[PDB]
Amino acid sequence: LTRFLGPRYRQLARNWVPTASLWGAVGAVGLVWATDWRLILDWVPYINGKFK
Amino acid sequence: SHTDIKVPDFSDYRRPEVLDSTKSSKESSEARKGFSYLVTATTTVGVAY
Amino acid sequence: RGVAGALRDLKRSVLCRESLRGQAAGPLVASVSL
Amino acid sequence: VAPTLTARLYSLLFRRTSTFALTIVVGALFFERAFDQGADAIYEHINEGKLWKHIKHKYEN
Amino acid sequence: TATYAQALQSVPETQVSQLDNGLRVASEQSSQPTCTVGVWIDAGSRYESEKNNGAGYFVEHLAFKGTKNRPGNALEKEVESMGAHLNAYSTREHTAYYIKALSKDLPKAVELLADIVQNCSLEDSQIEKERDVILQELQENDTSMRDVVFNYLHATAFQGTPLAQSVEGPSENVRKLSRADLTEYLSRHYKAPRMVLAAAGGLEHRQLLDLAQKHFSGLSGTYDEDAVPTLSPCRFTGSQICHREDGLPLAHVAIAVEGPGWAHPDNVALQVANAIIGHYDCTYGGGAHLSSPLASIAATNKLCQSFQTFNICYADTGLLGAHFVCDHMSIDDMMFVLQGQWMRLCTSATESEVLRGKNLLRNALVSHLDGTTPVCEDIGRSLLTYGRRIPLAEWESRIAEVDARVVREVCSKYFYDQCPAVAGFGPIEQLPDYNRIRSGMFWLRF
Amino acid sequence: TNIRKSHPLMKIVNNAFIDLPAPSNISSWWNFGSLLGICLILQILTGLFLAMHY
Amino acid sequence: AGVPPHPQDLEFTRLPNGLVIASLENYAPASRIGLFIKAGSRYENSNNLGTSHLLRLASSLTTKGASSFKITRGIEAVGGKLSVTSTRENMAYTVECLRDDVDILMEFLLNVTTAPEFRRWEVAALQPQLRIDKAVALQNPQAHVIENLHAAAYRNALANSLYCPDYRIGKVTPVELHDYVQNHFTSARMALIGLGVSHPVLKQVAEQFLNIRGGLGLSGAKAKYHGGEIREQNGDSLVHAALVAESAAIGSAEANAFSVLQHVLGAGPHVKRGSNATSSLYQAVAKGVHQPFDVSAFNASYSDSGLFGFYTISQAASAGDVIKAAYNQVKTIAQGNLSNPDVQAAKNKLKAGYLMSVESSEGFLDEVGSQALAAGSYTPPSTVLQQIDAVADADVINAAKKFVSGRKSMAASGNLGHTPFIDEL
Amino acid sequence: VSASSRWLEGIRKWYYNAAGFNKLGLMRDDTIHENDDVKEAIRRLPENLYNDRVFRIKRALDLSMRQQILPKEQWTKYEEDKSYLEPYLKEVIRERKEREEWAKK
Amino acid sequence: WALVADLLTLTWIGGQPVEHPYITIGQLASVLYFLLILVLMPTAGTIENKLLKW
Ligand SMILES: CCCCCCCCCCCCCC(=O)OC[C@H](COP(=O)([O-])OCC[N+](C)(C)C)OC(=O)CCCCCCCCCCCCC
Ligand code: HEM
Ligand SMILES: CCCCCC(=O)OC[C@H](COP(=O)([O-])OCCN)OC(=O)CCCCC
Ligand SMILES: CCCCCC(=O)OC[C@H](COP(=O)([O-])OCCN)OC(=O)CCCCC
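We count residues from 1 along each chain, following the written sequence rather than the entry's numbering, and we skip any residue without coordinates. Here every chain gets a letter starting at A, and every ligand a number starting at 1, in the order they are written. A larger assembly contains the chains displayed, and the values given here are confined to that displayed part. To get the side-chain values, take all heavy atoms of the structure and skip hydrogens and water.

If you check the PDB entry, chain F appears there as Cytochrome b from Bos taurus. For this entry, the PDB title field holds "Rhodobacter sphaeroides Mitochondrial respiratory chain complex".

By the naming in the PDB entry, chain A goes by Cytochrome b-c1 complex subunit 10 and is assigned to Bos taurus. UniProt positions are given in the numbering used here, feature names are shortened, and annotations may be inferred rather than shown by experiment. Per UniProt, the comment on chain A under Subcellular location is "Mitochondrion inner membrane".

See the structure below:
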């Protein structure tokens, strides 16, 4: 449990933070696009084709 | 005798950026890889739709 | 790397007389390392 | 001449697989609207005056 | 009491001088009673054409067989009688002839090197004798799978260029090479601006420069004719060559990407990354506890008999990668673990292992420059490639600059998502397809 | 060594769809094996969604 | 200007317990420390053959002060090296690292040499490495010929092979390893040599840790020359053969005579692809033999005996013609046919080769370590050249005479259908 | 050393006889769950202790089949329970802890 | 067996109306369910390790 507490294991977290942050954007944008989530999509310029 | 083994000529198959044997291939590596991956990305964009 | 010194995987062939010189011994020594 | 567009597309978007995916999911969002908008415009043009949305204004009130 | 940093300052400066005919003369003095002296020429198979390929390797067989002033045995008897040793070698870019002898035998040693480089006899009776000798050596080299697989790697990686050519040349060119082809090769390439007289050991730089004026002055230099050689770039090609031979008991595999070349500062960081992966042999003692994950896994699961990383440097190009030999059912596992370590270092290298790679390099650099002959080689080769001797204190500065960020950036620049040149030989049915190898050069998780 | 080869589940998928040695010269008439698999799955999905209303 | 510093002298010290410390401060960036031990294969007997081979392979097993994991990772972390070199007389534990890390590798060296545990399971896991080590060594045909040459020459204690007999692989026990270290790794059988290290710290280390009192005294188990022949019919392409007679123990003046005789006859080339003009053995065989071959004088000098002769490589059908031609060439020197210029050129090859063999720290450390055990002293090179100059032409002749008249030992491997027995020479 | 430490030992002997693996002839280290550390320690046992462990487990599995136990005379006495595996398992754990401490740097 | 009897209690309470005192018993049995699995049974295994001296 406490094997992963040290300098090297914090360096590994540093190296994968830019990647893990991008997969979260891929998942987030993929969730908004797949469900047509209007809360987020209404703020995008070209996808305002709703005509409420 | 293995020094007789020359590699055949692939000039009929090489892309235009890779024809000159005196020009580095690094100058066109990004463009060549970008094209085939643009084909893959556009394909995934189509299947996603 | 392991070493065997005496001159004072199929390895290869030594056929001609030029490559043979130096092969004849001249006291064994066995070295081992990491 | 600077490197071609496909070269700057590779190093900037396609090198990392994570950005390669972010490019696709973002390209899928705009492609859907642009393709559905354009494709519907071709269907309605070929069928002008026949669909209900064309004869809709006659029966407003 | 002296620290490691202070010991790098104590190494004597390498004194460099140049004659009026372009011949550079370099030396590193010490207190030794012995010394090494030689001539490094900027010639090799990369300068040869397809018709005269192997000509330099032919001249190497004739360099010690007689001169105009010392015909036949006369050269050997002088070298042997003073207890000296005479040697030579030829790569794709450099040719060298050097003598090991006592310090008092310095003037005779330089005199012989001059008579060798300038006044080679090349008797027709001797050329026919060496014709059969080189042919036997070609048959001998065929049995060394390591020499074969690395010639294949050059053949496929630099296909269509001079670097694809091997040093020995093809069997047909050694049979039809005339004396005129060889003299044409000598007058064209053995020119004073392209040679370096290097020495190391107990000797003052003055007597070397005097002997340089005394014996090498009679050499056309600084303007031969409108026949100047110039090395053009050499195209690298992602490709694969597979010599299937199931009669051999172990497979040989060499895989590599394109390296930058001699002068690029990135070679230091690349060598640090290669040192982390390191090398393995079945006679190593460490086995499972080795630091390198590839070596540990290779020893624990017995994936190979050996592997080695390499960074081969040429002018503006090179071969960066690894070579291994293994059982026919371990070629896939070995390729998988190898590529996984390239990708791991490209993306997620850590600080401690990078320090190990820097320490392995510091020990390798100082252990190699121990003896007059290694230092004499470092002097000669560096003056041709770098145009100077890079002091050990400068190598330490460039090594100390490397950290984990440098390795991740530098490894990704040359490894990540790049087309390798693959060469295989032996029972290689299980060698992965090139597309699968090419897919191992990136990670979908990254 | 390799997770794809040693895991009890992935080794069956690996030895069937990934690392299976297949001939280098099978033509388009060998595509109908997978197409039959797709048709069977395609008929089951649509078949099930029709059973929610039939 | 560009000149080097003033080179220091080698410090040398004998402790009253028999230990020998010798150090040189060369101000190099690297340091090198060697512990040389009179524990080579000669101190095995017929009940523990191969124990010193397995010991040579066990340098990274667990010690009382450092586990096997720590030794491997600890040395590699600083980019260091740990080696074990063995001869029939000595074992040499050598350690290399940058001079800022001498303390770390010294601690590992002492643990490996003075506190090995030889754990039952670690030793068992290491047994198959004997088969791999021996197989890699014995693919040089020179190795097995010289194993058999010593097996044929001596009744005991040098007949013992450098490599473990096959029947012993897996049979060497941890008790035998413990007993081997307690008996032979003692103060009066050891020498602590160091480069890039100060003399006080070595002498300090020597007095703190290397004071192991003798479990077995300096053995008087003298090697007894007997002579004989071992022949190995195999499927090699060429016949290897060595013909030898008892010559002289190392350090004696008669040993220097045989070393000069070695270079009068020829031992290894000086020119890449050269005809070897100054080698009288090679020219003597090339007279009556026009096939590919090689021939070299063999010289092996030990503490209490020696073997001098020559080594031949030839086609199977030319094996007798090559051996008889070479042996006759030694007879002409024993009959007096030896010029003074011939002896001077031999002294130049010998004197030059000795100096060249100590250019490097690796070769210098090995020479100082061997001198410390063989002689209990350090003889500088200028004194060594002085001893070579003292060899007379008559001494070279009498050494040839001792070979011609001495009871021979012979080892050969190949297709031996035309390889003579000793009595046929 | 005192009357209270005999009561802690008293309940330990109670729990020992309540655990009941002594009724099958087993020892405490025979019952341990085999993880990677335990498997290595068992691998390092000398031949005699390995063969003894194998037969006790075999005899206990034979009893568990029949739903039987040994006579009380042949039960494992708490005072005689030999921790034959603990010194080997302590050393295996100590080595792993060292590998895990090097991995942190 | 406290987990079984506590589950036999939830079974009994489940087939009864939501009225006094079944409301309180059903809440106690519900907490006892998750407390036995998450807290008590793991703690017993640790106590048992100490009594055997490991
Ligand atoms: C709940 C909400 C969740 C929503 C999530 C939405 C996410 C949308 C997709 C984004 C993921 C992309 C992953 C990726 O891009 O990695 C897949 C792989 C890479 O491509 P690559 O090899 O260029 O390497 C790439 C090398 N680089 C990176 C250096 C350039 O993509 C390929 O290879 C395969 C492409 C071929 C497409 C056809 C597959 C479908 C199956 C058959 C369809 C027809 C019959 C059913
Ligand atoms: C090999 C797989 C299958 C085949 C070849 C198949 C074929 C057919 C065909 C040809 C029809 C006639 C449809 C029509 O004329 O309108 C039909 C009807 C039907 N099938 Fe399937 N089917 C398959 C699988 C399934 C499965 C797995 C289910 C249920 C989960 C299913 C549910 C139905 C239903 C509810 C109908 C009646 C609705 C209709 O007629 O469209 N089918 N099937
Ligand atoms: C896992 C199953 C999820 C089912 C969601 C669903 O079917 O779609 C509902 C909304 C529709 O978008 P909205 O802008 O009308 O929003 C209307 C809000 N009711 O989409 C969402 O908002 C997606 C939310 C994802 C959360 C996990
Ligand atoms: C939801 C998205 C799932 C993504 C999985 C994926 O694409 O599989 C990997 C391959 C390409 O990667 P590679 O085989 O070069 O491996 C790279 C190793 N570094 O892609 C394909 O061609 C496989 C076809 C999948 C059909 C379902």
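Now that the structure has been shown, we can carry on.
## As for the site of ligand 4
Residue and element names in this part refer to chain E. In the neighbourhood of ligand 4, the contacting residues comprise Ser-439, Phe-442 and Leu-444. Within the side chain of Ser-439, an N or O atom sits 2.2 Å from an oxygen atom of ligand 4. Any pair of nitrogen or oxygen atoms within 3.5 Å is treated as a polar contact; in protein, a donor-acceptor pairing is required on top of that, and neighbouring residues in sequence qualify only through side-chain atoms on both sides. For ligand 4, a nitrogen atom lies 2.5 Å from a polar atom in the backbone of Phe-442. Here the open area of atoms and residues is found with the Shrake-Rupley method and a 1.4 Å probe, where only the protein chains shown may cover a residue. Surface burial for ligand 4 is 22%, taken as the share of its 710 Å² of free accessible area covered by protein chains. Whether a residue is near a molecule or strand depends on its heavy atoms: it is near if one of them lies within 4 Å of it.

## Thoughts on the site of ligand 1
By nearness alone, 13 residues border ligand 1, and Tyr37(B), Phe14(D), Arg15(D), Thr17(D) and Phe20(D) come closest of all. In this structure, a nitrogen atom belonging to ligand 1 sits 3.4 Å away from a main-chain N or O atom of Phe14(D). Isolated, ligand 1 exposes 1,200 Å² of accessible area, and the fraction of that covered by the protein chains is 52%. Among the secondary structure elements, those contributing two or more residues to the shell around ligand 1 are α1 (29-48) of chain B together with α2 (17-46) of chain D. When residues of the shell around ligand 1 are assigned to their parent elements, the largest contribution, four residues, is made by α2(D). Throughout, the ten residues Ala, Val, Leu, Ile, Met, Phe, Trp, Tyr, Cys and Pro are labelled nonpolar, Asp, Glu, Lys and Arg are labelled charged, and all others, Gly among them, are labelled polar. Of the residues contributing to the shell around ligand 1, the split by class is seven nonpolar, four polar and two charged. Every helix listed is a DSSP run of H or I at least four residues long, and every strand listed is a run of E at least two residues long, numbered separately from the N terminus.

## Description of the interface of chain E and chain G
Any pair of residues with heavy atoms lying within 4.5 Å of one another is described as a contacting pair. Contacts between the two partners involve 58 residues from chain E, matched on the other side by 49 residues from chain G. Buried area: the accessible surface (1.4 Å probe) lost by two parts on joining, summed over both. Here chain E packs against chain G, burying approximately 4,400 Å² in sum over the two surfaces, 54% of which is carbon and sulfur. The largest share of the area that chain E buries against chain G comes from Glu80(E), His289(E) and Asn363(E), three residues that together contribute 15% of it. For salt bridges, the criterion is a side-chain nitrogen of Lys or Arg within 4 Å of an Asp or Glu carboxyl oxygen. Joining chain E to chain G, the criterion identifies four salt bridges.

## Structural notes on the arrangement of the chains
Taking contact number as the criterion, the leading pair out of 14 pairs of chains in contact is chains E and G. Chain B makes no contact with chain G; the smallest distance between any of their C-alpha atoms is 21 Å. There is no contact between chain F and chain G; across them, the least C-alpha separation is 21 Å.

## Side note on the pairing of strand β4 (residues 85-90) of chain E
Residues and elements named next belong to chain E. Looking at chain direction, β4 and strand β5 (residues 95-102) are connected through six bridges and run antiparallel. The residue of β5 that forms the bridge with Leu-86 is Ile-99. The loop that links β4 with its antiparallel partner β5 comprises four residues. For two strands to count as paired, DSSP must find a minimum of two bridges between them.

## Here's the deal with the state of the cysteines
All names here are of chain E. Throughout, disulfides are identified as pairs of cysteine sulfur atoms within 2.5 Å of each other. If you walk through the whole model with that rule in mind, you get zero disulfides over all chains. You can see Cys-282 has no disulfide; the closest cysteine sulfur is in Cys-304, sitting 8.7 Å from it. The classification of residues rests on relative accessible area computed with a 1.4 Å probe and restricted to protein chains. Under 20% of the type maximum is buried, over 50% is exposed, and intermediate values are partly exposed. Taking relative accessible area as the criterion, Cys-282 reaches 15% and is therefore assigned buried.

## Side note on helix α12 (residues 331-348) of chain E
Residues spaced three or four apart along an α-helix point in a common direction, a consequence of the helix completing one turn every 3.6 residues. Multiplying 1.5 Å by the residue count of a helix minus one yields the expected span of that helix. The terminal C-alpha atoms of α12(E), which comprises 18 residues, lie 25 Å apart, in line with the 26 Å expected from a rise of 1.5 Å per residue. Counting buried positions along α12(E) yields 16 of 18 residues, so the element is predominantly enclosed.

## Focus: helix α3 (residues 102-114) of chain G
End to end, α3(G) covers 18 Å across 13 residues, agreeing with the expected 18 Å (1.5 Å per residue, within 8%). Looking at the packing, one finds that the buried side of α3(G) touches β3 (30-37), α2 (68-77), β4 (81-86), β5 (91-98), α6 (174-184) and α7 (199-208) of chain G.

## Let's talk about the pairing of strand β8 (residues 239-246) of chain G
All names here are of chain G. Of all eight residues in β8, seven are buried; the element is thus mostly enclosed. Sheet topology places β8 next to strand β10 (residues 306-314); eight bridges connect them, and they run antiparallel. Residue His-240 lies in a different strand from β10, and its bridge partner there is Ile-313. As defined by bridge partners, β8 adjoins strand β11 (residues 408-414) across six bridges and the pair is classed as antiparallel. In the strand pairing of β11, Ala-241 is matched with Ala-412.

## Brief notes about the packing of aromatic side chains
We call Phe, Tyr and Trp rings a pair once their centres come within 6.5 Å, taking the six-membered ring for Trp, and we label the pair stacked below 30 degrees between planes, edge-to-face above 60, and tilted otherwise. Under the definition given, this model contains 39 aromatic pairs over all chains. Ring centres of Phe14(D) and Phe20(D) lie 5.5 Å apart, and the angle between their planes is 85°; this geometry places the pair in the edge-to-face category. Of the residues examined, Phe14(D) reaches a relative accessible area of 6% and is grouped as buried. Overall, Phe20(D) belongs to the buried group, its relative accessible area being 15%. Cluster of aromatic residues (ring-pair linked, three or more members): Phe258(G), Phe308(G), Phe310(G), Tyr327(G) and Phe403(G). Stacked on the ring of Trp443(E), the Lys or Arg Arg445(E) has its end atom at 3.8 Å from the ring centre. Our definition puts a charge over a ring when NZ of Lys or CZ of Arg is within 6 Å of the ring centre and also within 35 degrees of the ring normal.

## Observations concerning the packing of helix α11 (residues 293-300) of chain E against α12(E)
Residue and element names in this part refer to chain E. Structural elements are reduced to axes, namely lines fitted to C-alpha atoms, with helices fitted over the stretch in contact, and the angle between N-to-C directions of any two is expressed from 0 to 180 degrees. Look at α11 against α12: their axes get within 10 Å of each other, and the N-to-C directions meet at 160°. Compared by their axis directions, α11 and α12 come out roughly antiparallel. The interaxial crossing formed by α11 with α12 has right-handed handedness. Between α11 and α12, the contacting residues are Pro-293, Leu-294, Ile-297 and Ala-298 on the first element and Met-334, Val-337, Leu-338 and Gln-341 on the second. Here the residues of the contact of α11 with α12 sort into seven nonpolar, one polar and no charged. Here roughly perpendicular refers to angles of 65 to 115 degrees, roughly parallel to angles under 35, roughly antiparallel to angles over 145, and oblique to all remaining angles. A clockwise turn of the near helix away from the far one marks a right-handed crossing, whereas an anticlockwise turn of less than a right angle marks a left-handed crossing.

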